[PDB]
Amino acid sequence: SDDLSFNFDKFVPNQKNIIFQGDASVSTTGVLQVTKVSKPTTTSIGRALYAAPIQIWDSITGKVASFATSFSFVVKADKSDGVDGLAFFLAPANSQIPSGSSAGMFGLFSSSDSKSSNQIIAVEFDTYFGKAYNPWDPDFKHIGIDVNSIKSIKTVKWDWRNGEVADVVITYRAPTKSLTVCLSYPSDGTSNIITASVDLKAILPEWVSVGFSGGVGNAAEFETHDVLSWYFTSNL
């Protein structure tokens, strides 16, 4: 069959096949809280990666992997608004959180540049877009395809629903270098979609680590970044 395919219908406290970085952890209710949710709400950054690296492309053959992923998340804000967002990403194998990372950078970037050495490809669900602190962002909550920079190469208005569960399907078809993000809220039928061209071979190393990351930059505008389930499959 395919090179790899795993599925988590629920998460268990201290799941040993998930690497936790930052404030990420799984509650006793079986939900992955990439961002810390506590009594006195605090600033936070967290990342959760699947324990084993994945071969996204082969230097011997030239083959590039096609992958698909599905997951359901909830972002619940106390007030009508929150910060900072959630992201699904592919990074160099067993990558660590960059030194001096902002919550608005989702623990994925050291700065706001477009360094080729970053080697990150992420799909952000950006809830904060204030010009004062996030000048790169557009003027609304968005879904964005990030390639080596927090300044998305393509964005789309994200009709975020507070506290509602969202179903996301992300597919990457290697032969056409097409990355599609399918988001929908079964609650009221709201749907957002976005597609972009990305050549994984040109951006990522042979072996990568996949996972989620997120952050809360200001404790006063707190919101959760909980992923409920996660399906993933790749194939060379």
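In this text, residue numbers run from 1 along the sequence as written.
At least a third of the other compared entries skip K39 while keeping the residues on either side.
Mean CA temperature factor is higher for 127-135 when stretches 127-135 and 87-95 are set side by side in the entry.
Higher average CA B factor: 196-204, of the stretches 168-176 and 196-204.
When the C-alpha B factors of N17, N218, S213, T224 are read from the deposited coordinates, the top value falls at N218. Note on the listed residues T155, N162, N148, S110: the highest Cα temperature factor in the record is that of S110.
Per-chain ranking of the deposited C-alpha B factor places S229 in the lowest third. Among all modelled residues in its chain, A77 ranks in the highest third by Cα B-factor.
In this PDB entry, the Cα temperature factor of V34 sits in the middle third of its chain's modelled residues. In the PDB entry, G144 places in the lowest third of its chain by CA B-factor. Sort the chain's modelled residues by C-alpha temperature factor and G189 lands in the middle third, per the entry.
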